[PDB]
Structures are given as structure tokens and as C-alpha cells.
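Take a look at the structure set out below.
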Amino acid sequence: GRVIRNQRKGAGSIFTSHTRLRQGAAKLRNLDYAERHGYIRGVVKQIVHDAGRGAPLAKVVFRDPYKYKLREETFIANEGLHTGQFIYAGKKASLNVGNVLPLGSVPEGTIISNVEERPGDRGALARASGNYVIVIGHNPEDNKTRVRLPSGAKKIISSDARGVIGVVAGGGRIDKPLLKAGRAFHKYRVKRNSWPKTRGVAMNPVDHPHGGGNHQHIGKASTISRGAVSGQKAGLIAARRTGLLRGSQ
Amino acid sequence: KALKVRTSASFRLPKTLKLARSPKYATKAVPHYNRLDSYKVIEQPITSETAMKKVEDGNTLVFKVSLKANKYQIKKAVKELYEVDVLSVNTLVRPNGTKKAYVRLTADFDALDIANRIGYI
Amino acid sequence: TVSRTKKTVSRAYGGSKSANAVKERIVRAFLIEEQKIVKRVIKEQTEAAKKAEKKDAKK
Amino acid sequence: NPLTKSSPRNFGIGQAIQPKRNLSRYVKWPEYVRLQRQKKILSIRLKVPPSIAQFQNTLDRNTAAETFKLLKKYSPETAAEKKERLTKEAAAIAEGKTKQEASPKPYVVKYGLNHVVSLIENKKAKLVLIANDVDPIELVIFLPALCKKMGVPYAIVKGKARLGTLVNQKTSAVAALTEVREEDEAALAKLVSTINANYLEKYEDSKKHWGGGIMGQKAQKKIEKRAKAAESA
RNA sequence: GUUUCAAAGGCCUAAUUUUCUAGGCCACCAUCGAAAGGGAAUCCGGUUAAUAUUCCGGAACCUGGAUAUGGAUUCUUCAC
RNA sequence: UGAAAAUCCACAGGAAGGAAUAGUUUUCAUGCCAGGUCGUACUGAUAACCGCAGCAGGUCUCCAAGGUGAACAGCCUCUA
RNA sequence: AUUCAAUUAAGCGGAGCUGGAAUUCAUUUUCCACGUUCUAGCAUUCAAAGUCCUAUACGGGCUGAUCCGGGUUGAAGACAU
RNA sequence: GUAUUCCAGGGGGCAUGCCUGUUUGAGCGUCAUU
């Protein structure tokens, strides 16, 4: 038959990001000397709405230690920041909302976001709306703290890795229902081309595996193996459970 | 021993003694004569019934000019040949693919008197 | 191609910052410099006196 | 004194722009510079075999200077002095007719690798001088073993360039003696007895021991610190 | 693939008063892409069988070159 | 939550340079010279475009008077 | 070796100052710290000090900013590719 | 045309890879001499 919708998204002709009204790559500052040992002052001037992103950004002005110049860095604003506020980033920096500390110089049971997987990653874990990472444990031998990610799965991260204090702003976005379909259109209009999805069973047998037949039925088991190939994988891939789950996730 | 002190963390290409040309033989052998001459630029005087009306009234004589001819070059050509001080030049390319140059002279020289000298009227 | 009397007003930061902006940052720049000299006064008096205070612990 | 004022800067992390320091350690070099510096290190860290290791045993500064004072005598002809000799040849041959004895017999140092190896093979060469920095080591590695078998004095010496300077060349590789005048024979045998103590007598000793296995500065202080804490707690 | 695990340059002032040499600063980077996007500055009246904000008459304006007259500024000075 | 860059200006900053028997200013008043190359006719549709063609088909825009009436509705006039 | 990441490849690793002290007591014996946190200012052309001279006009050496090794730094590693 | 720098005119030139040589150079890659 034909190459299925599933398969032909990876080509990347139409299925690409709409980066017209996108402000910038929301990342942290570079490491070394200033933030390894001491700390640096930074002034938040703007708090901007990024297009197609559940998170208001923040643009902070730091000085260059080696030149008479100024470099702006685009931070993700934690709920608590404001324009005309000082920010303190480094090892010796204090524990307040907004300040950027390494995981080693932080006590247990603290809350953080925009956490680095490595040191020098410039951010990775917990960047979405209303999400936050909690610190559980510590180790003297092997510089490696214990950390819980917002899904539930815990992870061991290096002690020198960074993390901005506080919960990410713009929370409670998912609570309101969209109602009219035009509201859903405008969400995906400033992201990708991933919306009006037709059901595979409604299609012909050429265009999709589930499709075909006099009645709209699947025919064979939708639970498909991990060891499969591209074209077959349409349904639940490598499922342990099926059906309605009760309470505990 | 005793290293060269260097402040910057970059390393750029050190500029060197770039030597000029000094050939053993000429490629051209004979330098070519003037491609665009005084006579080659301005070819013919146009003698249509409209052009006679401009020469009398407007104080302007018209020419058939060769392609590859600037308004600087046409001003120089008419000045050299007929010994006249030119005021302004206006040019157009005809539909048949030949350039036409309207040339207006100063108030000292009459266009009608020079017209009977060149040949036509 | 216009005279710079029409582009600018005669003041400190002139035709770039507003008058009330210059009002405040002169008051800030002055008042912070008064606080910065007191950082010496607190530390010079105390840290010099700490050497006298710490010697009493040994005796 | 009166109108002059002092003004300290303070370079305490955050305060002031930092001064101009020598950052020669943190320069991004070209690719060819990074190649040759790392090629030095890669040979040292791996265990080198005994056949390659013996070229590190070079001739010392004080003894070497006396050797090249000798070998700058018995050096070959410059191009002008050959032209001087051939004019003397043409004169005596036309009026006299005498080759084989005329223009005496030259005493000169022997050079060239294929030329020198044949002299060592027939037990003719008295002294030999081998370079330490030949491009492929394969070229010159077997010469120590050849001189051992025939019982010829030999000595590895620094600078293939310095062997070139005494023979009107850019690089020579090897340079050996065979014939020498009777006046300077006393000084030659003095050098051979000094040479044979280091090289010829210690052939069976030098064949056994391996070189290499030397770590960098960050590796040395890591081992010394780890050995101190656990053992001498 | 288009700034990369490249030794990737072009912008100002004298020196010298042969017009060729000296000062310097600064530095992740070809080039094509819109006659509806961005964008230095022109209007009225007349005239032809057929052209005009484009020729003629009269009144303006911009950019790039050159440059000297008037005015302003100066005993403590780059205006009050 | 509704483009980018060329491009032009302003401020901070004090580099260097200047007088009185004379010197600085061309971000102002006047005055001088120069402004290349290519396009420019007419039609834009029940006859100049595409549809075998002078084919009731199809093809992006601007200006827009009087009366009736809620009205760029329908019906009747003026200019062309 | 091979693999991964970052920067215009600035402050890596080890000793030394002053440390302030440490309590067996000052030590060639170890731990232990390094210049900025009320405020939407400001920080750039290398200054004081001493040393000489350019003959003190205008500015040269050594410090201010300690020294020694030139492994840019961190993962990962004889597994993986 | 008032002209080292601006404007125009007449004439001659400026691609890439690779080879042989020439002249400036870069690297504690490395040798001898103060």
C-alpha cells in the first residue's frame, strides 16, 4: 500500500515548527570562574509572552567580566519574578525565588526548575508550565544528588548541575475547556501541522492497517510489539496493561 | 625560551609580504585601438517629418545613436564633431531595436543653421 | 539635514532619557554613594576592634 | 602630591573589568600544531620496545664537542676547491701524464646510508655516528645490531642537522670514519675507549629494558595523593 | 552541510611631503529572494495624428563632490 | 498577543587639537559643479489574455452623482 | 585508542603567601577562608607606590594582579561505535 | 572638470584544483651558540 501518515512525518517538508513569532532559545548562562566560585548580579527588564509556549519568558542583563559590554540571556520566568528585580546566579548565591544555584549547595526538600542533566547543558528537565523538580537525597562520595522528576520516575544527577528556584509561571492552563473547535485550531496554528486527525479505521485498507471492511472495526489486536517495523506501529506500542485504570497510576 | 606574551585566546593568520606582478612577456602583445570612437557613437541624422518640427521650434537636433552609448559619451561626441556646446541629452530605445538621442543645444547656437550645414534640413 | 537644537534638549542625558528619569538616577547615584562610604565606617571600626576582642579569648 | 589622587580597582569576582593577563595556556592553536604536540605525548605514554628505546641514550654535551672538533677536519671539498683540483689535473696530464699519484690521496669522512653500511659489513669503519631523529626509525634501527656483530665502535648523537653541517648537507643521517692521519690517531683511540663503555659494552644490557609508561602531571598528583591516604592513614 | 573539530579579514589616521612606507583599533563569517513588504527627493499650467509627474514655460527639493564671503564664538574660552 | 534587515539619528565617554596681534567652526545664511544603465505605445476583455475561434465560460484591484427607501436592495434620471 | 558535550578554547592541577586561627602548645605536622545581597544608578583609553633614568617636557624597567607545569575544560572508557 | 581620496572618458588586468621553483613567514616539533 501507501506510506502511512505515521511514517511520512519524519521527512520534514510540511511537518515542521512555525518559528516566526518565536522569541529565542530559552537557556541558561555559560559556566566557569564567576559562577563556579562566587556569584553575579543580573537585572530583569522584560517579561514577554512567547508564541506557542506555555511559559512567560524573562530577559536578564548580565555584565561581561572580561570586556566593557552587556550580554542578555533569555530565562524562563518562575512564578514570583517581576521587572526591576535583581537575580543572583552562582555557587555562593543565596536561596531565594529566581536565584540560580548548583544542586550541591542546596538542602533537602527544596523546589527547582530548568534543571540541567549534565553540567553545561544550559537546561533540560522541567521547563513546561506549572512543573517543578524536588530534591530528595545527597552523597559525599561521588558528587551525585538524588532527584524526583514531575512524571514520578526518580533520577541521579551530578551535584554541580544547576537549577532555577521556584515553580514555572503560567500555571493552571489546562483547567479551562476549549469549547469551539476554532480555539483548538489557533493553538496548533502557532506550533506544527498536527491537528485535524482522521481515525485510521475510517480510512481505506491501503492508507492504514485498521481501515477497510463493511463495518468500522479494527479486526486484530491493537496491542503491537516493541520488536516491530515502521508502518505496522499504529495503536498501543508495547503495552503492559489495557483498559480502564483505577486511581493509582 | 621565554615565550611571546599574548593576551587573546584566539590565533589568527599572520599577514605576510604579498608580492606584486612583474611578468616576462605580455599576454596581449598589441594594445587594441579605441573600441568606441567619435564617429562610431553617432551614426546618422534622423530626417522624419516630426524631427524637422523639433529642429525649428525646440532648438533640438535628433540623431540615430549606436547601442552601448552613454549620455556622457553622446555629449562628448557632438561637442567634438560639429563644434557645439550641448545643454542636455535625452535617450530612448526604439521598438525596432535602435537607440535614439534627443539633443538640445544652448541659446548661442541655432539648431536650424547647423542643420543646413550637415546636409539635411 | 536638520539643526541639532531641534533634535535635542539642553540637559544631562538630553534627547534620550526623559527629565523625570534623570531626576531619579541623580538621586539614586548620589544616595548609593553615601551608603557605600558607610560600608567602610561599619567594617573599619568593627574588624579593627575584632582583633582587640579576639585577643581577650586567648588570655 | 596635592592634586594627585589614589584609586584602587578591586578585581574581586564581580567588581570591575579584569586586567590583561597572559593567556598562552588557553589559546586555540592550528591543527598542525595540535598534531605534533600530541604525537610527542602518544609515543611516551605507550610502552616503547627496547630496539627503539636505545636512541634515547644519546651522547652528552661535553664529550660531543670534542668529536665534531675532530670531524671538521677530514671534511670533503667545497665546489670551488674541486674546480681548483681539476685545473691542476688537466695541467699535469697534458704535460707530464700522471694519474693515481698526482693531487695526493684524500683523507675524508664517509657518509650516505647505503655507502656506510657496506664499510661496516667489511670491518673497515673505525668510528660511526648515528642520528636520533630519522623520520622512519625503520631506516636506521638495525645499525646498532650490525656494529655489535662485527665489533665496530659506534655512538648515537643528537642532531641529524649537525652531521649535515660538517659534510655540506642539510641532513646526513650517518657519518663514519675509516682512514685517518698518524698525527691524530692518539686522540681518536681516546674517544673510542670513552664511547665503548656506554654503547658497545652495554649492548646485552640495553637489549632487555623497556622504555615508556610515563604519565602526565594531573595523573602523577592523583596517584601520589591516593597512595598517601589509604596506606599511611 | 552553511557556521562548522578551518591559520577563513577590511575599516580609520598619520608617516613621508620620492609617494611609497608606518600607526592602529576591531573581530563565528559568501551569495542570490518581493516591479503589492522595507525604501534619499517634483508639482501646477501648456503642447501631439499617436508621448508625458519624462519635452516646453514657471516654481521647488534631495544625495554626492568641491569651496570662500558674511554672521556666531573667543582675557580665561570652546555660546547664553 | 498579531515579521525581519538595510538605513538614519541621539546620548554616555573624554582621545586628540586649538587663540589674541590673532584662529576655531562647513550639524546656519548665501554661493559653485554633477547626477550613469534598462522599462515608458495600446488593450485589460459578450472582439487585443486562456479555452483548436471575433466561444453567453473563466481571470487580482482603485475612483464612484440625484430621487425613492432601513439600505452599495429593486425601479427612474444627470455626467461619460 | 574509540565515543559524547561546551567556549571567541580565562583563571585547570599542585605548592606559596597574608591567613584568622588552629588548642600539646608558632609548624617543614595538619585541618580551615579568601575582597560584591535595603534601591531598574556608575564601572572602558591600563594610578597611586617605590626605582631610576628619556634630563624630568613627555615618559622607560619592577610591582598593583604570587609562583611553578604550557593536559582548553568536563563526562565516558577498552565497554560502546 | 581646480583633485593621492570625488566624477567621467581611452587602454590593460582580478576564477578554481594541482605541479616545479621564488619571497615572506607559523610551531619549546627540535639542533648548535652566547
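Quick rundown of the values:
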| item | result |
| --- | --- |
| Residue among A:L57, A:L236, A:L103 with the largest mean-square fluctuation in a Gaussian network model of chain A, springs linking Cα atoms under 10 Å | A:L236 |
| Those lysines that a straight Cα-Cα span of less than 20 Å connects to A:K154, excepting residues fewer than 8 apart in one chain | A:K144 |
| Rounded tilt (10° steps) of C:19-58 against the dominant C-alpha axis of chain C | 10 degrees |
| Low-density loop positions, GluC sites (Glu not before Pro), the stretch B:25-119 - DSSP coil, at most 15 other Cβ in 10 Å | B:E83 |
| Nitroxide proxy distance, nm - points 7 Å out along Cα→Cβ at D:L42 and B:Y25 | 4.9 nm |
| Order of A:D121, D:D205 - criterion: other Cβ atoms within 10 Å of each residue's Cβ, fewest first | D:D205, A:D121 |
| Length-normalised contact order of chain D in % [C-alpha pairs under 8 Å, at least 6 apart] | 26 percent |
| Cα Rg, Dmax (largest Cα-Cα span) when computed across the stretch A:30-109, Å | 13.4, 40 |
| Under 23 Å, Cα to Cα: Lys pairs in chain C, sequence gap 8 or more or different chains | 16 |
| Rounded to whole Å, sorted largest first: equivalent-ellipsoid semi-axes of the stretch A:93-244, Cα gyration tensor | 43, 22, 13 |
| Along each principal axis, Cα extent of chain B, largest first, Å | 92, 39, 33 |
| Tilt relative to chain D, helix D:217-231 - C-alpha long axis, 0 to 90 degrees, to 10 | 60 degrees |
| The stretch D:108-127 versus the stretch C:1-16: alpha-carbon centroid distance in Å | 91 Å |
| Virtual paramagnetic centre 7 Å along Cα→Cβ of D:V192, amide N under 17 Å, in the stretch D:139-168 | D:147-156 |
| Anchor B:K15: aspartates and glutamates whose Cα lies under 19 Å away (excluding residues fewer than 8 positions away in-chain) | D:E31 |
| DSSP-loop trypsin sites (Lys or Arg not before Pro) across the stretch A:188-249, with at most 11 other Cβ within 10 angstrom | A:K197, A:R199, A:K220, A:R226, A:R240, A:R241, A:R246 |
| Debye intensity ratio in log₁₀ form over the Cα atoms of chain C, taken at each q of 0.16 Å⁻¹ | -0.70 |
| C-alpha center-to-center spacing [the stretch D:128-176, the stretch A:181-249] in angstrom | 78 Å |
| Over the protein assembly as shown, volume per residue of the alpha carbon convex hull, in Å³ | 656 Å³ |
| Tilt relative to chain D, helix D:31-45 - C-alpha long axis, 0 to 90 degrees, to 10 | 80 degrees |
| Ranked list, fewest to most other Cβ atoms within 10 Å of each Cβ, for C:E33, A:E117 | C:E33, A:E117 |
| Above-threshold pairs, the threshold being 28 Å between Cα atoms, out of A:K27/B:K4; D:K83/D:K105; A:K9/A:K220; D:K99/D:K124; D:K72/D:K123 | A:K27/B:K4 |
| Sum of -39500 (n - 2.57) over DSSP H runs of 4+, divided by residues of chain D (222 nm, nearest 500) | -13000 deg cm²/dmol |
| D:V27, D:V140, D:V134 arranged by Cβ crowding within 10 Å, fewest neighbours leading | D:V27, D:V134, D:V140 |
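Every residue, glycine as well, gets a Cβ built from its backbone with ideal geometry; the counts of neighbours run over all protein chains shown. Values quoted throughout were computed directly from the atomic coordinates according to the rules given, and no laboratory measurement underlies them.
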